[PDB]
């Protein structure tokens, strides 16, 4: 019943921009939270941004602070991650994840709902 529909990935040059989308359905209310995890080659899934939907409270890791922006459009129940000034270190498969709580967690195991990942590549 709960489904996370992901899209927006692709190839960009360093300094370039990309917009990922997470369309959430199957929730009876706004009392859930979204996370973006990225999984770079031979590494674990690592959280980069979070949105607590009820409170509309965003969180970012220090390395994406002033480059990444997370937001929600009420109408389409879609959360966006605007990624600007992209760098080679941002290359990874990006997942959105949902949990039935207000807040944030670094543990992938704490999120019960997952989008199909989208590939993000930043190279010359």
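Numbering follows the first chain given and starts at 1.
Q.
Please compare 32 to 40 with 75 to 83 and say which has the higher mean C-alpha temperature factor in the record.
A. It is 75 to 83 that shows the higher mean C-alpha B-factor.
Q: On mean C-alpha B-factor from the PDB entry, just flag whether 101 to 109 or 12 to 20 is the higher one.
A: Going by the record's values, the stretch with the higher mean is 12 to 20.
Q: Ordered by C-alpha B-factor within the chain, which third holds residue 68? Give me lowest, middle or highest, please.
A: As the PDB entry reports it, the C-alpha B-factor of residue 68 lands in the middle third of its chain.
Q: Name the third of the chain's ranked CA B-factors that contains residue 89, choosing lowest, middle or highest.
A: Highest third of the chain for residue 89's C-alpha B-factor.
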